[PDB]
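All values below come from the heavy atoms of this structure, side chains included, with hydrogens, waters and symmetry mates left out. A note on names: the letters A, B, ... follow the listed sequences, proteins ahead of strands, and every chain is numbered from 1.
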Amino acid sequence: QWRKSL
Amino acid sequence: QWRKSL
Amino acid sequence: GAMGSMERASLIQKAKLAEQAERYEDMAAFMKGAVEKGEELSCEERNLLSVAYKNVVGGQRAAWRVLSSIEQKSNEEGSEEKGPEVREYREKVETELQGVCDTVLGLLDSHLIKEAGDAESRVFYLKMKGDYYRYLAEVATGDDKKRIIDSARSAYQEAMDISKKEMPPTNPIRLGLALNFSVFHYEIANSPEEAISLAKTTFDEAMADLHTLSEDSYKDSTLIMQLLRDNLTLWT
Amino acid sequence: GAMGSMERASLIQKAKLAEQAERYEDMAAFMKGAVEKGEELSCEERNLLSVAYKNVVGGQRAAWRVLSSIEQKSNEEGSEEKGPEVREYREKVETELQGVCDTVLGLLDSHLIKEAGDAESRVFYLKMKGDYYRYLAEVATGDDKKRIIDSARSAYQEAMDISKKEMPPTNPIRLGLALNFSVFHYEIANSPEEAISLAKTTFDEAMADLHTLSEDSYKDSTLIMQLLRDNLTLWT
Ligand SMILES: C=CC(C)(C)OC[C@H]1O[C@H](O[C@@H]2C3=C([C@H](C)COC(C)=O)C[C@H](O)[C@]3(C)/C=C3/[C@@H](COC)CC[C@H]3[C@@H](C)[C@H]2O)[C@H](O)[C@@H](OC(C)=O)[C@@H]1O
Ligand SMILES: C=CC(C)(C)OC[C@H]1O[C@H](O[C@@H]2C3=C([C@H](C)COC(C)=O)C[C@H](O)[C@]3(C)/C=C3/[C@@H](COC)CC[C@H]3[C@@H](C)[C@H]2O)[C@H](O)[C@@H](OC(C)=O)[C@@H]1O
Ligand SMILES: [Cl-]
Ligand SMILES: [Cl-]
């Protein structure tokens, strides 16, 4: 998975 | 469905 | 042209990079530059040109439909007046869409079509001309809507005539042309019976020619035949 | 500014229409026009601003990564020389990306941050400043890469300090700030242990504050907590 940012 | 075009 | 200083081969190379990055506006500008070099396009190069603009105009058309549905809801009985903004922004998107259609039509007219002598290039470009006049017709509402429709029809019909004489029934360009001319009949020309007749006849004639094909050609043709079937199932 | 003649309220209305149509470049131009009216932004208006540019720069960053991976493969042992085109087109996308980052940073500096006194607006804008310096850092390679990194850090740290003093641990802005500063630590500052420590501590402190929340606030907070968990699962 592509790590999460917001 | 949205009819098909190409 | 901002692409006048770049090599033709570099424009083609960058159009393929833009495709891989899903940067279709860039891809279209690169291919416009390539066309304006004045040399004819190869089979692969025609596909790059058509894919680029198809995706640019496809996003514009989808946005226009969202905005036009909001606009229509705002003119129903009981809707609170919201001012001119919805109309203005729909008009802004529409105008940009028309500009793209005009640019593609200008490339076809100066001078891709008149130099296209082989069936595969001539039919391909006349399908494109039909397609972009169709997209103009989708948003047309004034004095020239009928002429816009008839320009789409005329281009599709010339492409149909050549494709029937010069290409086998399973040719992917012939099949994609028939698919789109059928859609034109159904939702632009108010001729759903013609749309259904054309889709069925095209599908049945391709079916009967599949036995002549290699495995790879079989896959290419059946893929587009399934789109003809999809529409027949939706419309009947 | 091309938006100087349009009413603030019309710009906000059109930004919401552009969002509905997924026209994020338009949405960003509308919100830039709104900011340049000089009035502070409401909570909902700040979200429109952040969403617009997040999506514009998000597509640019994804394209840059595609092109940069092609470029790196072209410099491996055994790759046939293909000329300067891959580098040129990567540079073209990079330059456009940097321009967007500079535009957002300019809005924050002129004059959103200096007028933001409430925690929710000040932390929100300082998170944005950190985010856009981070995107510049992702593509930086020269004399000022370290200063770019330290500018991202400094903005995130000031936002962290305010958020810890002034907001509860479950506040969505506080949680989204911590999520991104953790990502900054992990892949920009070469500090994966700090990234993991911050994500875990943030998640655990939010967990313990959930009992104070309404159902709707609970849903809002748990949604972002799950993103903190996603990263912890990826990184450990
Ligand atoms: C943009 C260039 C790339 C992605 C490299 O090629 C696009 C595609 O180019 C060819 O496919 C063409 C083609 C399409 C195929 C039907 C799609 O094949 C798929 C989904 O696997 C759709 C494309 O838009 C394209 C170029 C368009 C036309 C259309 C043009 O009207 C003016 C009429 C029919 C269709 C013809 C030209 C297809 O031959 C090939 O046969 C396709 O390869 C395979 C395995 O199907 C390739 O995906
Ligand atoms: C663009 C405007 C719209 C789509 C109308 O609103 C965007 C969103 O605005 C709010 O959500 C914010 C918000 C996001 C939520 C976490 C997403 O909620 C979802 C997926 O349902 C992501 C957005 O980008 C946004 C505006 C960004 C921030 C981020 C800003 O950094 C500068 C930090 C955390 C997060 C905060 C501000 C969220 O509160 C709302 O709480 C969201 O509503 C719900 C039911 O979750 C709504 O989707
Ligand atoms: Cl507008
Ligand atoms: Cl370039």
Side-chain angles (χ1 to χ4, degrees), chain A, chain D residues 50 53-54 56-69 71 90-91 93-95 97-106 108-109 113 119 122-163 166-167 169 171-206 224-236:
Chain A
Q1 207 175 23
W2 172 248
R3 80 302 183 275
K4 311 300 179 79
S5 64
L6 262 189
Chain D
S50 72
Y53 280 107
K54 165 183 187 177
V56 171
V57 81
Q60 293 173 320
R61 294 160 64 216
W64 183 94
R65 292 195 299 272
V66 167
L67 300 178
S68 179
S69 166
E71 190 179 14
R90 189 265 301 156
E91 285 176 348
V93 178
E94 181 176 305
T95 297
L97 180 162
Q98 290 164 320
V100 171
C101 291
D102 290 343
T103 295
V104 172
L105 292 171
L108 297 169
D109 198 51
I113 285 172
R122 191 160 190 87
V123 176
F124 187 106
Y125 292 136
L126 286 166
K127 179 180 168 295
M128 288 188 66
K129 183 174 190 177
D131 291 338
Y132 285 88
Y133 272 115
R134 173 157 63 86
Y135 305 148
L136 288 179
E138 289 177 345
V139 307
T141 66
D143 284 11
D144 60 354
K145 184 180 168 67
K146 281 179 177 170
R147 268 173 293 265
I148 292 172
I149 293 180
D150 200 66
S151 288
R153 182 207 56 75
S154 181
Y156 279 139
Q157 188 65 58
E158 179 172 4
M160 286 290 312
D161 292 348
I162 298 168
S163 82
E166 302 292 343
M167 297 166 148
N171 180 273
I173 298 161
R174 177 163 170 189
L175 293 174
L177 168 62
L179 181 75
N180 286 14
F181 194 21
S182 168
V183 167
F184 166 87
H185 286 311
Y186 193 85
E187 64 180 31
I188 304 299
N190 200 28
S191 309
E193 284 176 343
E194 186 72 13
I196 292 164
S197 285
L198 177 57
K200 197 179 182 310
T201 291
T202 305
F203 178 105
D204 292 346
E205 285 165 27
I224 307 171
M225 290 169 63
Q226 183 62 47
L227 303 174
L228 291 164
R229 173 63 44 204
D230 292 342
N231 286 353
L232 285 164
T233 298
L234 184 63
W235 293 342
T236 61

- Partner set under salt bridge (charged side-chain N to carboxylate O under 4.0 Å, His left out) for D:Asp102, not counting sequence neighbours: none

- Query: For D:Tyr135, which residues count as a ring pair (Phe, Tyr, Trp, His ring centres under 6.0 Å) partner, sequence neighbours excluded?
  - Reply: D:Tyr132

- With sequence neighbours left out, write down each residue that passes side-chain hydrogen bond (donor to acceptor under 3.5 Å, both in side chains) with A:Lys4, or none if nothing qualifies. D:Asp230

- Sequence-distant partners of D:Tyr186, ring pair (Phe, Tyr, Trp, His ring centres under 6.0 Å), two or more places apart: D:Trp235

Per-pair distances, 0.1 Å, donor-acceptor, side chain in residues 188-196 of chain D, under 3.5 Å, sequence neighbours excluded:
from	atom 1	to	atom 2	distance (Å)
D:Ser191	OG	D:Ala189	O	2.9

- Query: Are any side-chain N or O atoms of D:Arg122 and backbone N or O atoms of D:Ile113, one a donor and one an acceptor, separated by less than 3.5 Å?
  - Reply: yes

- Query: Does D:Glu91 offer a backbone N or O that forms a donor-acceptor pair with the side chain of D:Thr95 under 3.5 Å?
  - Reply: yes

- Query: Of all residues at least two apart in sequence or in a different chain, which pass the side-chain hydrogen bond (donor to acceptor under 3.5 Å, both in side chains) check with D:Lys129?
  - Reply: none

- Give a yes or no answer on whether the side chain of D:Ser69 reaches the backbone of D:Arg65 with a donor-acceptor pair at less than 3.5 Å. no

- With sequence neighbours left out, the residues meeting side-chain hydrogen bond (donor to acceptor under 3.5 Å, both in side chains) with D:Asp204 are D:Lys200

- Go through the structure and list residues passing side-chain hydrogen bond (donor to acceptor under 3.5 Å, both in side chains) with D:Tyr133, not counting sequence neighbours. none

- Query: Are the side chain of D:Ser68 and the backbone N or O of D:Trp64 linked by a donor-acceptor pair below 3.5 Å?
  - Reply: no

- Query: Within the side chain of D:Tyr156, is there an N or O that forms a donor-acceptor pair under 3.5 Å with the backbone of D:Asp131?
  - Reply: yes

